[PDB]
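Colleague: Protein chains in written order, with our numbering: chain A, 1 to 331; chain B, 332 to 662; chain C, 663 to 993. Every residue, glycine too, gets a C-beta built ideally from N, C-alpha and C. Pasting a structure below so you can have a look.
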Amino acid sequence: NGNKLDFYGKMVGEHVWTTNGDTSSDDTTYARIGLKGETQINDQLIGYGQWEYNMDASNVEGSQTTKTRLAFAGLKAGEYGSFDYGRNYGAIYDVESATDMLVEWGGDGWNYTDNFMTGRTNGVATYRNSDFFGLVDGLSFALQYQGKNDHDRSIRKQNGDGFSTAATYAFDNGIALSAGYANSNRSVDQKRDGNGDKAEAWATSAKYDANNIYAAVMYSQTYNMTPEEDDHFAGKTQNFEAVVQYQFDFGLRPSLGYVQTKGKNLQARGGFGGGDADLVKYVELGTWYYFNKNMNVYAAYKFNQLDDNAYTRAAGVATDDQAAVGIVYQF
Amino acid sequence: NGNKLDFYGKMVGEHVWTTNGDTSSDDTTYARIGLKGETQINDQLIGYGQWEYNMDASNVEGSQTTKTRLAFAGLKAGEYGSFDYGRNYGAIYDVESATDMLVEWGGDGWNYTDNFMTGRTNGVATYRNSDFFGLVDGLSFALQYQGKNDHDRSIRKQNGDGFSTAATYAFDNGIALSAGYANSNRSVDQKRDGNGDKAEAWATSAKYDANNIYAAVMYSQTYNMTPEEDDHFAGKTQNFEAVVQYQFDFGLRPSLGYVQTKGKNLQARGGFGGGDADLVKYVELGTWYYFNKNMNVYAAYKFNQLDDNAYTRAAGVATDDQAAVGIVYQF
Amino acid sequence: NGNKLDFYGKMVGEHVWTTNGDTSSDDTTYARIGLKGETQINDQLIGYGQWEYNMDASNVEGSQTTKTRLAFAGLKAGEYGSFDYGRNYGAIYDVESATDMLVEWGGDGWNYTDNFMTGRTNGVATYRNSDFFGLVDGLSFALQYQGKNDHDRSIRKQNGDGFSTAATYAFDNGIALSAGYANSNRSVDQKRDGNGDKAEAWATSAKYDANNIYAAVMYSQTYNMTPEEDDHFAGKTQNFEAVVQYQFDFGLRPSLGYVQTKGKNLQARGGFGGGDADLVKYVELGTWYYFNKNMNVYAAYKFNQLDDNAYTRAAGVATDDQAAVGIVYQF
Numbered sequence: 001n002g003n004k005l006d007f008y009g010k011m012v013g014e015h016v017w018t019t020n021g022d023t024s025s026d027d028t029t030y031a032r033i034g035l036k037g038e039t040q041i042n043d044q045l046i047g048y049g050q051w052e053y054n055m056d057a058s059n060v061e062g063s064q065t066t067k068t069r070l071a072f073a074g075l076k077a078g079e080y081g082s083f084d085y086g087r088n089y090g091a092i093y094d095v096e097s098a099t100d101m102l103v104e105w106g107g108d109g110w111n112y113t114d115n116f117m118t119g120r121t122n123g124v125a126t127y128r129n130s131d132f133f134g135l136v137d138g139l140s141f142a143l144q145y146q147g148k149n150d151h152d153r154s155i156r157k158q159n160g161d162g163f164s165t166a167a168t169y170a171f172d173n174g175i176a177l178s179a180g181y182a183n184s185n186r187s188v189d190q191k192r193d194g195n196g197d198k199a200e201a202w203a204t205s206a207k208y209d210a211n212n213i214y215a216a217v218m219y220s221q222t223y224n225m226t227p228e229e230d231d232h233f234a235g236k237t238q239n240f241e242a243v244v245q246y247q248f249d250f251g252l253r254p255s256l257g258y259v260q261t262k263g264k265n266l267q268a269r270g271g272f273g274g275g276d277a278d279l280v281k282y283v284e285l286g287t288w289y290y291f292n293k294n295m296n297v298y299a300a301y302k303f304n305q306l307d308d309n310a311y312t313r314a315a316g317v318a319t320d321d322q323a324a325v326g327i328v329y330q331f
Numbered sequence: 332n333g334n335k336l337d338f339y340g341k342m343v344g345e346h347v348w349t350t351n352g353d354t355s356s357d358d359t360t361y362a363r364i365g366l367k368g369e370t371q372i373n374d375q376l377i378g379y380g381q382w383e384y385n386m387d388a389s390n391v392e393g394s395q396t397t398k399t400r401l402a403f404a405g406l407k408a409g410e411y412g413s414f415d416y417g418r419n420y421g422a423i424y425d426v427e428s429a430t431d432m433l434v435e436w437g438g439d440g441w442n443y444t445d446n447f448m449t450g451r452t453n454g455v456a457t458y459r460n461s462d463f464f465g466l467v468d469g470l471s472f473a474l475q476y477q478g479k480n481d482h483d484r485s486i487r488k489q490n491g492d493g494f495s496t497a498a499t500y501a502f503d504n505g506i507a508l509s510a511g512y513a514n515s516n517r518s519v520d521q522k523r524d525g526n527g528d529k530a531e532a533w534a535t536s537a538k539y540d541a542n543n544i545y546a547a548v549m550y551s552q553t554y555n556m557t558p559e560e561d562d563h564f565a566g567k568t569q570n571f572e573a574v575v576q577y578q579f580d581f582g583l584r585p586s587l588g589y590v591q592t593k594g595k596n597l598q599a600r601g602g603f604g605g606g607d608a609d610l611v612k613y614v615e616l617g618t619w620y621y622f623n624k625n626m627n628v629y630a631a632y633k634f635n636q637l638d639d640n641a642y643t644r645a646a647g648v649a650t651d652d653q654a655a656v657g658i659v660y661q662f
Numbered sequence: 663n664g665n666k667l668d669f670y671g672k673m674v675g676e677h678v679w680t681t682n683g684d685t686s687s688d689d690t691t692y693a694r695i696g697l698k699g700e701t702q703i704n705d706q707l708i709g710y711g712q713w714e715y716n717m718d719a720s721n722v723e724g725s726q727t728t729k730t731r732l733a734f735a736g737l738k739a740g741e742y743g744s745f746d747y748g749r750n751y752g753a754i755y756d757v758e759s760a761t762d763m764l765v766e767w768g769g770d771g772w773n774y775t776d777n778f779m780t781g782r783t784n785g786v787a788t789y790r791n792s793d794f795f796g797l798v799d800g801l802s803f804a805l806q807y808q809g810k811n812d813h814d815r816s817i818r819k820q821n822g823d824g825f826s827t828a829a830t831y832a833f834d835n836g837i838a839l840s841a842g843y844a845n846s847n848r849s850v851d852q853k854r855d856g857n858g859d860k861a862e863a864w865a866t867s868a869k870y871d872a873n874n875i876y877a878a879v880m881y882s883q884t885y886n887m888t889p890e891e892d893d894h895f896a897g898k899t900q901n902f903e904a905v906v907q908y909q910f911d912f913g914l915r916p917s918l919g920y921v922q923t924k925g926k927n928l929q930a931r932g933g934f935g936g937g938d939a940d941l942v943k944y945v946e947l948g949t950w951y952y953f954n955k956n957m958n959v960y961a962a963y964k965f966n967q968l969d970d971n972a973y974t975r976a977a978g979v980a981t982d983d984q985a986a987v988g989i990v991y992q993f
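Written out as structure tokens, the structure reads:
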């Protein structure tokens, strides 16, 4: 009896509309199940593992994709910190997690899954340490290495060897500052574009979280990291996200969110001559109603502020507004 | 602890033969796991969720399909009724459930998965209410809306916007009557047939269930709803199913089942000139042996009464008899 | 009441290098979850089921395969023995299990998944009995039948009707002897090679397992059973495997493993004229470090002793060394 196992998951009945121009109306129901395991090895040492499995319930029974989102195991040793390996969130995502607190959208621009260390990815060894080796209360950090994923994927989702690091200072009153950087080799396949051999990003964030108020802001820049809808990589991006939300005691939680991603020095193709354009720009207005920890409902509206222009037409980016409603059983 | 979670599932070791003509002999082993969640939100209101996951164990490792059969969440508010949304059984299936109580086959004709609301489908908002708002004991009903699924599927599995409704009256002595109707728009892709722009069905059923006897009968008609093996839709269908079973005290439960589906005004193709033909016609003779709630074994034989004729050859329908044995662990 | 359910599984963070010639460096993280169900039917009789599900966490979220490795249900009646059906280990694998105790590799030569009854396969009815009907302590056996899998697979993974049997005698001091045989029809598709209509193997093994020492040895021969990397079948093979390991009190457990598979009378193709060649030949040197039952780490190195020669070039067999490290949470 030195072990703890914890099933968690959710059934999410959800539906999304596109309300302007290229209108559409789609089911996006899914279920998620995960497991969290923690074993007491010593008085000084803990071993742990996590997996998280997503199940599309949205396509017909022949064709529903499943995804293993997380899968890792690690040791954890008091103030010496922790170390895990497997499929995990990239460390620079710690910066973003403040502003990825939206109802339906959020972390669209700049953070993609299987995109170096901007979101969830394969083959990450991660070292963490909260309270800076016991020396500084509230200062945590993350160092992380990623091996190359170079052959059995689209060029869009490849990476060379690389690393990523994030620090977060959290003050007693409710503020937390947070900053992170990542540098990676690009894959031999990626380098054929002539855009450069390295891929980098840095990110900064602040959040306030006290008295039922939640506000967060986040700024970053990426270089040869962020993929466009075209499958070309943005040579330079400037990303800004921001969120404010309030929590009523009775379950209601309205939310206002802003998300922008400016591409700089973008390559020419088709109708798009130049090299400066918004990739993502939208406001999310939405709300949750929490009945209790186990049950909630939500709704949200995305005001998509991208224009129909030379870039959006050539790169095939959607300029239209969207809406989403959903109901969630949780455990 | 105002929450309840309930794992259910089964391992099903099963094997099926085709015994006439085009003989064959195939494994059809699978496992199924599901989860049922119910939270007490207050005295008046309950929240719930269900997910059900099927795992083919029948193909080689590398080619086994998984299916999320059910995934939904809903609220439930006493005699005001319940409301769920996600991937669920279509409401007109309530009519059929009486006669889909066979050993191996059953609900072949007329009910297909991802076929408007005849079986399990995507994007269904369903309202239910048992005992007709507290006014009529034993009278339950279901109203249900389905949004369009019109792009990322075969034409066979598409649907337009539509609705479906079922009522069931159940008497104290053991009889239950049941009736239901559905009307749907067809998809732009489906309408290329020239068959018509709407898809409809109605269904009626009765069952008797007392003194170790189980009998059920069911009649329906569908219009532009029921897919043929050819991927053409039957313009008009007349379906009749019937079942009788008896439960011996010692665990044995023999079953006799009849299932027929007549196509009317069928389009011509290949060898098939005319437009009148049986799509399904078979007798199932089979039995279960229940060891206890958790374990049973079963066997069944399908006498396939379709002839080798112009229709069956052109549409590629199987005319051959089948047999099936299986063992089930259940929880 | 008279039912028992048992979740087991593991998260495995793991990474593999190819260190010679065609170098590579790949993540091979996965999670596994399984369930073991046992119901008491009466004093004399037990019903059971098992399912085991593997989840690749190694590819990108679009493309991760899952596998149902085991899925069966059976009855068990004291000394009368047990009987299960579904997807299970083939009975002749009982012989191999002694020598498939390596860190990363092991049971490469001769045992393939979905290869008659050499590993995990579909449609196996298996009868088992330990202690030979209560008469001989430590003598167990397995008889097993497999139906044909003949149409919706690669020729490599097909089988005709067949059977397989294994016996194991285990002495109280720590030795166990073990022997087994299998005969199968080949599929109509397999027989096109002209190699013969039947597929057979026999296998013998011994193991010692006491006083922190583990040694095992294993010899077999197969005929028209074992697939080459070319998708031709080896008309005759001679397989030898051997393993020694020691368990230190501190958690460390080094392992030395040897695995060879000689092909005899191999068909000519490409550069390869003759008909005698090694298919598999390697030494594994590796170690575990067990923190406790729930958590371990390991590393291993595969010295691949196959030469670059006429066979390896024509059949496309990899001659290169490999290495592997990993961490495991287990329950």
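So with Cβ pairs under 8 Å, would you call residue 997 of chain C a contact of chain B?
Modeller: As shown, chain C starts at 663 and ends at 993. That puts residue 997 of chain C outside it, with no answer to give.
Colleague: Along the chain, which unbroken stretches of the beta strand (DSSP E) at least 3 residues long are found entirely within the stretch 100-168 of chain A?
Modeller: Within the stretch 100-168 of chain A, the runs of beta strand (DSSP E) that reach at least 3 residues and sit entirely inside it are, in chain order, 120-129, 139-146.
Colleague: Can you give me the C-alpha to C-alpha distance between residue 190 of chain A and residue 198 of chain A, rounded to a whole angstrom?
Modeller: Here residue 190 of chain A refers to the residue found at position 190 when the first sequence is read from its first residue. Here residue 198 of chain A refers to the residue found at position 198 when the first sequence is read from its first residue. Using only the alpha carbons, I get a separation of about 10 Å.
Colleague: Kindly indicate which three-state DSSP category residue 217 of chain A falls into: helix, strand or coil?
Modeller: The count along the first sequence starts at 1 and reaches residue 217 of chain A at position 217. Note: residue 217 of chain A maps to strand in three-state DSSP.
Colleague: Closer than 8 Å by beta-carbon distance: list the chain B residues that pair up with residue 64 of chain A, in chain order.
Modeller: Here the question's residue 64 of chain A lines up with position 64 in the first sequence. Going along chain B in sequence order, the residues near residue 64 of chain A (Cβ under 8 Å) are 397, 398, 399.
Colleague: When the Cα atoms are used, what is the spatial distance from residue 869 of chain C to residue 792 of chain C?
Modeller: Taking the first residue of the third sequence as 1, we reach residue 869 of chain C at position 207. Taking the first residue of the third sequence as 1, we reach residue 792 of chain C at position 130. Each residue's Cα considered, the two are about 18 Å apart.
Colleague: Strictly under 8 Å for the Cβ-Cβ distance: is residue 347 of chain B near chain C by that measure?
Modeller: As a first step, residue 347 of chain B must be located in the second sequence, where it is residue number 16. No, its Cβ sits nowhere closer than 8 Å to a Cβ of chain C.
Colleague: Relative to the C-alpha of residue 931 of chain C, which residue among C/767, C/830, C/892 is closest?
Modeller: As a working mapping, residue 931 of chain C is identified with position 269 in the third sequence. Comparing Cα-Cα distances from residue 931 of chain C to each of C/767, C/830, C/892, the minimum goes to C/892.
Colleague: What did DSSP end up calling residue 903 of chain C once you bin it into helix, strand or coil?
Modeller: Locating residue 903 of chain C in the third sequence gives position 241, counting from the first residue. Of the three classes helix, strand and coil, the one that applies to residue 903 of chain C here is strand, per DSSP.
Colleague: Does residue 410 of chain B come out as helix, strand or coil in the three-state DSSP assignment?
Modeller: Residue numbering aside, residue 410 of chain B sits at position 79 when the second sequence is read from its first letter. Helix at residue 410 of chain B.
Colleague: What span of residues does the alpha helix (DSSP H) with residue 631 of chain B cover, start to end?
Modeller: Indexing the second sequence from 1 puts residue 631 of chain B at position 300. From DSSP, residue 631 of chain B is part of no alpha helix (DSSP H) but of the beta strand (DSSP E) over 626-635.
Colleague: May I ask you to report which of helix, strand or coil DSSP gives residue 94 of chain A?
Modeller: As a working note, residue 94 of chain A is residue 94 in the first sequence. DSSP places residue 94 of chain A in helix when its eight states are reduced to three.
Colleague: Under 7 Å, CB to CB, which of the residues in the stretch 274-290 of chain A have a partner in chain B?
Modeller: none
Colleague: Quick check on residue 726 of chain C: does DSSP put it in helix, strand or coil?
Modeller: The count along the third sequence starts at 1 and reaches residue 726 of chain C at position 64. Correct three-state label for residue 726 of chain C: coil.
Colleague: I need the straight-line Cα distance from residue 50 of chain A to residue 993 of chain C, nearest angstrom please.
Modeller: Residue numbering aside, residue 50 of chain A sits at position 50 when the first sequence is read from its first letter. Residue numbering aside, residue 993 of chain C sits at position 331 when the third sequence is read from its first letter. If you take the alpha carbons of residue 50 of chain A and residue 993 of chain C, they lie about 12 Å apart.
Colleague: Thinking residue 495 of chain B and residue 513 of chain B are a contact (beta carbons under 8 Å), I'd like their distance in whole angstroms, please.
Modeller: Residue 495 of chain B sits at position 164 when you count from the first residue of the second sequence. Residue 513 of chain B sits at position 182 when you count from the first residue of the second sequence. About 4 Å separates the two Cβ atoms, so the contact holds.
Colleague: Note the first and the last residue of the continuous alpha helix (DSSP H) segment covering residue 312 of chain A.
Modeller: Taking the first sequence and counting its residues from 1, one reaches residue 312 of chain A at position 312. Looking at the DSSP string, the run of the alpha helix (DSSP H) that includes residue 312 of chain A is 310-315.
Colleague: Name the chain C residues whose beta carbon is nearer than 7 Å to that of residue 362 of chain B?
Modeller: Counted from its first residue, the second sequence places residue 362 of chain B at position 31. Within 7 Å Cβ-Cβ: 713, 730, 733.
Colleague: Kindly say whether residue 474 of chain B, judged by its beta-carbon, lies nearer than 8 Å to any beta-carbon of chain A.
Modeller: Taking the first residue of the second sequence as 1, we reach residue 474 of chain B at position 143. Residue 474 of chain B does not count as touching chain A.
Colleague: Measure the alpha-carbon distance for residue 303 of chain A versus residue 245 of chain A and round it to whole angstroms.
Modeller: By one-based count along the first sequence, residue 303 of chain A stands at place 303. By one-based count along the first sequence, residue 245 of chain A stands at place 245. C-alpha separation (whole angstroms): 17 Å.
Colleague: Could you say which of B/619, B/346, B/644 lies nearest to residue 602 of chain B if we only look at CA atoms?
Modeller: On the second sequence, residue 602 of chain B is found 271 positions in, with the first residue counted as 1. That would be B/644, whose Cα lies nearest to the Cα of residue 602 of chain B.
Colleague: Can you give me, in chain order, the residues of the stretch 432-462 of chain B that have a beta carbon less than 9 Å from any beta carbon in chain C?
Modeller: If the cut-off is 9 Å between Cβ atoms, the stretch 432-462 of chain B has nothing near chain C.
Colleague: Could you check whether the stretch 976-986 of chain C touches the stretch 71-88 of chain A, counting it as contact only if at least three pairs of C-beta atoms, one from each stretch, sit closer than 8 Å?
Modeller: no
Colleague: Using beta-carbon positions only, say whether residue 631 of chain B and residue 559 of chain B come within less than 8 Å of one another.
Modeller: For this step, residue 631 of chain B is matched to residue 300 along the second sequence. For this step, residue 559 of chain B is matched to residue 228 along the second sequence. Not closer than 8 Å, so no.
Colleague: Tell me, please, which residues DSSP counts as bridged to residue 334 of chain B.
Modeller: Here residue 334 of chain B refers to the residue found at position 3 when the second sequence is read from its first residue. Answer is B/370, bridged to residue 334 of chain B.
Colleague: Do you know how far the Cα of residue 100 of chain A is from the Cα of residue 212 of chain A?
Modeller: The sequence position of residue 212 of chain A within the first sequence is 212, counting from 1. The sequence position of residue 100 of chain A within the first sequence is 100, counting from 1. The alpha-carbon of residue 212 of chain A is positioned some 18 Å away from that of residue 100 of chain A.
Colleague: On the DSSP bridge list, what partners appear for residue 943 of chain C?
Modeller: Residue 943 of chain C sits at position 281 when you count from the first residue of the third sequence. In DSSP, residue 943 of chain C forms a bridge with C/922.
Colleague: Does the beta-carbon of residue 252 of chain A have 16 or more other beta-carbons within 10 angstroms, so that it is buried, or is it exposed?
Modeller: Against the first sequence, residue 252 of chain A aligns to sequence position 252. Exposed: under 16 other Cβ atoms inside 10 Å.
Colleague: Once the 5 residues before and after residue 124 of chain A are set aside, which same chain residues still bring their CB inside 6 Å of it?
Modeller: As a first step, residue 124 of chain A must be located in the first sequence, where it is residue number 124. Cβ neighbours of residue 124 of chain A beyond the five flanking positions: 88, 144, 146.
Colleague: Consider the Cβ of residue 986 of chain C: report whether some Cβ of chain A lies at a distance smaller than 8 Å.
Modeller: Indexing the third sequence from 1 puts residue 986 of chain C at position 324. No - not a single Cβ of chain A is within 8 Å of the one on residue 986 of chain C.
Colleague: To the nearest angstrom, report how far apart residue 289 of chain A and residue 298 of chain A are at their CA atoms.
Modeller: Reading the first sequence from its first residue, position 289 is the one you call residue 289 of chain A. Reading the first sequence from its first residue, position 298 is the one you call residue 298 of chain A. Taking the straight line from one Cα to the other gives about 6 Å.
Colleague: Helix, strand or coil for residue 517 of chain B, going by three-state DSSP, please let me know.
Modeller: The residue labelled residue 517 of chain B in the question sits at position 186 within the second sequence. Residue 517 of chain B falls in the coil class under three-state DSSP.
Colleague: Closest by CA to residue 723 of chain C, which one among A/62, A/56, A/60?
Modeller: Walking along the third sequence from the start, residue 723 of chain C turns up at place 61. Closest option to residue 723 of chain C, Cα to Cα, is A/56.
Colleague: Between which two residues does the beta strand (DSSP E) harbouring residue 984 of chain C extend?
Modeller: Numbered from 1 along the third sequence, position 322 holds the residue referred to as residue 984 of chain C. Note, residue 984 of chain C: beta strand (DSSP E), 984-992.
Colleague: To the nearest angstrom, how far is the alpha carbon of residue 498 of chain B from that of residue 471 of chain B?
Modeller: Residue mapping note: residue 498 of chain B aligns to position 167 of the second sequence, counting from 1. Residue mapping note: residue 471 of chain B aligns to position 140 of the second sequence, counting from 1. Near 6 Å, if we compare the C-alpha coordinates of residue 471 of chain B and residue 498 of chain B.
Colleague: Are residue 447 of chain B and residue 626 of chain B close, meaning C-beta to C-beta below 8 Å?
Modeller: Residue numbering aside, residue 447 of chain B sits at position 116 when the second sequence is read from its first letter. Residue numbering aside, residue 626 of chain B sits at position 295 when the second sequence is read from its first letter. Not in contact: residue 447 of chain B and residue 626 of chain B (Cβ atoms no closer than 8 Å).
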